[PDB]
Amino acid sequence: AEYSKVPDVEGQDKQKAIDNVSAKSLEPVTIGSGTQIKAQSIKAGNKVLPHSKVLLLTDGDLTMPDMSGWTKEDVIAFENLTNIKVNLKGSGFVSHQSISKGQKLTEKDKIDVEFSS
Ligand SMILES: [Cl-]
């Protein structure tokens with residue numbers, strides 16, 4: 001069971017952070033329309049499965065990611081990172097989200113996601 005070590009990318013330039021996460025054989029997913037990373041979903045230094053997702057919250061506006069194919073773990077990480085409540089329905093992988101990718105979000109919004117096996 002090989003593990004990846006999550007890098008510390010908080011405060012980094014967005015593209016540098018994406019590159020640093022990818023270099024650890026992890027999948028960076030950015031949230032927001034900013035140019036600098038404000039927060040990461042996994043504590044730096046932690047061992048996680050290769051190719052698992054690290055959510056990266058930018059500065060500036062929050063925007064909706066493409067959650068297609070996400071696990072419950074991933075969607076729950078999004079709720080904790082953004083303080084936007086997500087309602088989960090079903091099991092497997094995300095097959096529907098109630099807000100389209102790219103839309104600006106506020107803590108006024110709520111998301112419904114459906115999972116399919
Ligand atoms: Cl691999």
# chains A, B, ... in the order shown; residues from 1 in each chain; ligands from 1

$ select_by_dssp --residues "range 23-108 of chain A" --states "strand (DSSP E or B)" --output "PyMOL selection string"
chain A and resi 27-31+36-40+47-48+53-58+62-63+86-90+93-97+104-105

$ write_last_selection --atoms "C-alpha atoms" --output "mmCIF file, in the first residue's frame"
data_model
loop_
_atom_site.group_PDB
_atom_site.id
_atom_site.type_symbol
_atom_site.label_atom_id
_atom_site.label_comp_id
_atom_site.auth_asym_id
_atom_site.auth_seq_id
_atom_site.Cartn_x
_atom_site.Cartn_y
_atom_site.Cartn_z
ATOM 1 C CA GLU A 27 -5.023 15.338 -7.774
ATOM 2 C CA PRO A 28 -5.327 19.038 -7.007
ATOM 3 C CA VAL A 29 -8.820 20.510 -7.356
ATOM 4 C CA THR A 30 -9.067 24.295 -7.121
ATOM 5 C CA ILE A 31 -12.105 26.093 -5.692
ATOM 6 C CA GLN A 36 -3.310 32.359 -4.383
ATOM 7 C CA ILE A 37 -4.179 29.341 -2.198
ATOM 8 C CA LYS A 38 -5.926 30.269 1.086
ATOM 9 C CA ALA A 39 -6.582 26.728 2.392
ATOM 10 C CA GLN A 40 -6.021 23.020 1.618
ATOM 11 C CA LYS A 47 -0.085 10.295 4.197
ATOM 12 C CA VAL A 48 -2.989 9.623 1.795
ATOM 13 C CA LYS A 53 -7.891 14.635 -4.305
ATOM 14 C CA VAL A 54 -6.548 17.649 -2.371
ATOM 15 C CA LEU A 55 -9.063 20.524 -2.521
ATOM 16 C CA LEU A 56 -7.386 23.944 -2.771
ATOM 17 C CA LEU A 57 -9.435 27.006 -1.821
ATOM 18 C CA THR A 58 -8.230 30.168 -3.555
ATOM 19 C CA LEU A 62 -15.602 31.076 -4.135
ATOM 20 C CA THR A 63 -16.796 29.278 -7.299
ATOM 21 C CA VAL A 86 -24.026 19.836 0.854
ATOM 22 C CA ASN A 87 -26.927 17.361 0.934
ATOM 23 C CA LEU A 88 -25.853 13.876 -0.190
ATOM 24 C CA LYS A 89 -28.249 11.395 -1.888
ATOM 25 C CA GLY A 90 -27.275 7.828 -2.945
ATOM 26 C CA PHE A 93 -19.750 8.580 -7.349
ATOM 27 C CA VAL A 94 -21.277 12.044 -8.032
ATOM 28 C CA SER A 95 -23.644 11.914 -11.079
ATOM 29 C CA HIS A 96 -25.487 15.261 -10.474
ATOM 30 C CA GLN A 97 -24.817 18.573 -8.700
ATOM 31 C CA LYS A 104 -19.852 32.138 -7.834
ATOM 32 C CA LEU A 105 -20.964 30.809 -4.422
#

$ residues_near_ligand --ligand "ligand 1" --cutoff "8 Å" --atoms "only C-alpha atoms and all ligand atoms" --output "MDAnalysis selection string"
chainID A and resid 25 50:51

$ atom_distance --atom1 "CA of residue 17 in chain A" --atom2 "CA of residue 43 in chain A"
14.0 Å

$ residues_around --residues "residue 45 in chain A" --least-positions-apart "3" --cutoff "10 Å" --atoms "only C-alpha atoms" --output "PyMOL selection string"
chain A and resi 4-8+42+48

$ write_last_selection --atoms "N, CA and C atoms" --output "mmCIF file, in the first residue's frame"
data_model
loop_
_atom_site.group_PDB
_atom_site.id
_atom_site.type_symbol
_atom_site.label_atom_id
_atom_site.label_comp_id
_atom_site.auth_asym_id
_atom_site.auth_seq_id
_atom_site.Cartn_x
_atom_site.Cartn_y
_atom_site.Cartn_z
ATOM 1 N N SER A 4 1.115 8.647 -0.645
ATOM 2 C CA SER A 4 1.631 9.978 -1.001
ATOM 3 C C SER A 4 1.633 10.850 0.255
ATOM 4 N N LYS A 5 2.542 11.811 0.301
ATOM 5 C CA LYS A 5 2.634 12.803 1.385
ATOM 6 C C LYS A 5 2.140 14.132 0.829
ATOM 7 N N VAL A 6 1.119 14.672 1.458
ATOM 8 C CA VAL A 6 0.503 15.939 1.035
ATOM 9 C C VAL A 6 1.465 17.089 1.257
ATOM 10 N N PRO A 7 1.747 17.894 0.207
ATOM 11 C CA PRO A 7 2.612 19.045 0.404
ATOM 12 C C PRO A 7 1.901 20.231 1.055
ATOM 13 N N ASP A 8 2.697 21.132 1.612
ATOM 14 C CA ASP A 8 2.183 22.387 2.198
ATOM 15 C C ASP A 8 2.114 23.424 1.087
ATOM 16 N N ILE A 42 -6.455 18.794 3.051
ATOM 17 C CA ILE A 42 -5.679 17.771 3.799
ATOM 18 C C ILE A 42 -4.469 18.437 4.450
ATOM 19 N N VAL A 48 -1.673 9.921 2.403
ATOM 20 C CA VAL A 48 -2.989 9.623 1.795
ATOM 21 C C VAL A 48 -2.731 8.675 0.622
#

$ select_by_dssp --residues "chain A" --states "alpha helix (DSSP H)" --output "VMD selection string"
chain A and resid 14 to 22 72 to 82

$ write_last_selection --atoms "N, CA, C and O atoms" --output "tab-separated table (two decimals), in the first residue's frame"
chain	number	residue	atom	x	y	z
A	14	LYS	N	-1.33	29.92	-7.20
A	14	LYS	CA	-2.26	28.84	-7.56
A	14	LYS	C	-1.58	27.80	-8.43
A	14	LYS	O	-1.71	26.60	-8.16
A	15	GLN	N	-0.91	28.21	-9.53
A	15	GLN	CA	-0.34	27.19	-10.42
A	15	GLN	C	0.80	26.44	-9.73
A	15	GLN	O	0.93	25.22	-9.93
A	16	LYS	N	1.59	27.13	-8.92
A	16	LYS	CA	2.67	26.45	-8.16
A	16	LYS	C	2.04	25.38	-7.28
A	16	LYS	O	2.61	24.27	-7.19
A	17	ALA	N	0.93	25.71	-6.62
A	17	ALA	CA	0.28	24.75	-5.69
A	17	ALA	C	-0.24	23.55	-6.47
A	17	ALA	O	-0.07	22.42	-6.04
A	18	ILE	N	-0.86	23.79	-7.63
A	18	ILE	CA	-1.37	22.69	-8.47
A	18	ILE	C	-0.17	21.81	-8.81
A	18	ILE	O	-0.24	20.57	-8.71
A	19	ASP	N	0.92	22.42	-9.27
A	19	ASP	CA	2.10	21.64	-9.71
A	19	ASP	C	2.67	20.84	-8.52
A	19	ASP	O	3.09	19.69	-8.72
A	20	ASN	N	2.72	21.45	-7.34
A	20	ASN	CA	3.30	20.78	-6.16
A	20	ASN	C	2.42	19.62	-5.72
A	20	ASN	O	2.97	18.59	-5.31
A	21	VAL	N	1.12	19.76	-5.81
A	21	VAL	CA	0.23	18.62	-5.45
A	21	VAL	C	0.40	17.53	-6.50
A	21	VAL	O	0.53	16.37	-6.12
A	22	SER	N	0.40	17.89	-7.79
A	22	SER	CA	0.50	16.88	-8.86
A	22	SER	C	1.82	16.11	-8.70
A	22	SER	O	1.88	14.91	-9.04
A	72	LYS	N	-18.05	10.59	-1.60
A	72	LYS	CA	-18.68	11.24	-0.41
A	72	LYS	C	-17.60	11.99	0.38
A	72	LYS	O	-17.86	13.11	0.80
A	73	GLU	N	-16.44	11.35	0.58
A	73	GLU	CA	-15.26	11.95	1.26
A	73	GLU	C	-14.94	13.31	0.64
A	73	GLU	O	-14.78	14.30	1.41
A	74	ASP	N	-14.84	13.36	-0.69
A	74	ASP	CA	-14.47	14.58	-1.46
A	74	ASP	C	-15.54	15.67	-1.23
A	74	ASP	O	-15.18	16.83	-0.93
A	75	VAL	N	-16.81	15.30	-1.31
A	75	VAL	CA	-17.91	16.30	-1.22
A	75	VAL	C	-17.95	16.83	0.21
A	75	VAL	O	-18.12	18.06	0.42
A	76	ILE	N	-17.83	15.92	1.18
A	76	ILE	CA	-17.75	16.32	2.60
A	76	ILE	C	-16.54	17.23	2.85
A	76	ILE	O	-16.67	18.26	3.59
A	77	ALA	N	-15.41	16.97	2.22
A	77	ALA	CA	-14.24	17.87	2.36
A	77	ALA	C	-14.60	19.27	1.84
A	77	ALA	O	-14.18	20.27	2.42
A	78	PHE	N	-15.34	19.34	0.74
A	78	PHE	CA	-15.76	20.63	0.17
A	78	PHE	C	-16.61	21.39	1.19
A	78	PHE	O	-16.38	22.59	1.39
A	79	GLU	N	-17.57	20.73	1.84
A	79	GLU	CA	-18.44	21.40	2.84
A	79	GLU	C	-17.55	21.99	3.95
A	79	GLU	O	-17.75	23.13	4.36
A	80	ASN	N	-16.60	21.21	4.45
A	80	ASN	CA	-15.74	21.65	5.57
A	80	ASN	C	-14.80	22.78	5.14
A	80	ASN	O	-14.52	23.67	5.98
A	81	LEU	N	-14.37	22.76	3.88
A	81	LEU	CA	-13.41	23.78	3.40
A	81	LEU	C	-14.12	25.12	3.21
A	81	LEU	O	-13.48	26.14	3.42
A	82	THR	N	-15.38	25.10	2.75
A	82	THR	CA	-16.11	26.29	2.23
A	82	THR	C	-17.20	26.78	3.18
A	82	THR	O	-17.69	27.89	3.00

$ closest_residue --among "A:34, A:91, A:110, A:99" --to "residue 59 in chain A" --atoms "only C-alpha atoms"
A:34

$ residues_around --residues "residue 66 in chain A" --least-positions-apart "4" --cutoff "8 Å" --atoms "only C-alpha atoms" --output "PyMOL selection string"
chain A and resi 100-102
